[PDB]
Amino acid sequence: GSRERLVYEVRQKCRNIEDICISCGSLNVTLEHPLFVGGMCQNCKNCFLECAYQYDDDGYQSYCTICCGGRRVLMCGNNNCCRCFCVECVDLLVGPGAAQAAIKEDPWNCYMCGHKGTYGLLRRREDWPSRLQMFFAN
């Protein structure tokens, strides 16, 4: 019933990732996450609407790109990207230990910037700019 157990089931192909909210683990998916393959529930849609483009004075987004929270986050080293990712989301959706590899990497291109585009279960949508246009549409 936890987010961690649901993601475990996804890795075991006992469940499709589009059928879970990848930001909180809710089964009450109401849309596809606009940036990565996977679902999004109404709570997280709302958190994204309020939170996703909040910025700190360091020029970076205030919260995690995936969950729109986090207490401690990694910042993208791309001088053209202002995104952050929390350790919890990274080690869950990419895989355990992934966050510490990324923290060590210098400089680090985040999962939205990286050319590989797929990282464990974390798969960037090829059409994320279209999905963002639709998400913020009237």
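Counting begins at 1, following the sequence as shown.
Between 55-63 and 89-97, it is 55-63 that carries the larger average Cα temperature factor according to the deposited entry. As the entry records it, the average C-alpha temperature factor is higher for 7-15, out of 110-118 and 7-15.
Residue-level temperature factors show residue 70 in the highest third of its chain, judged at the C-alpha atom. Split the chain's modelled residues into thirds by C-alpha temperature factor. Residue 35 is in the lowest one. Per the PDB record, residue ranking by Cα B-factor puts residue 44 in the lowest third of the chain. In the deposited entry, the Cα temperature factor of residue 81 sits in the top third of values across the chain's modelled residues.
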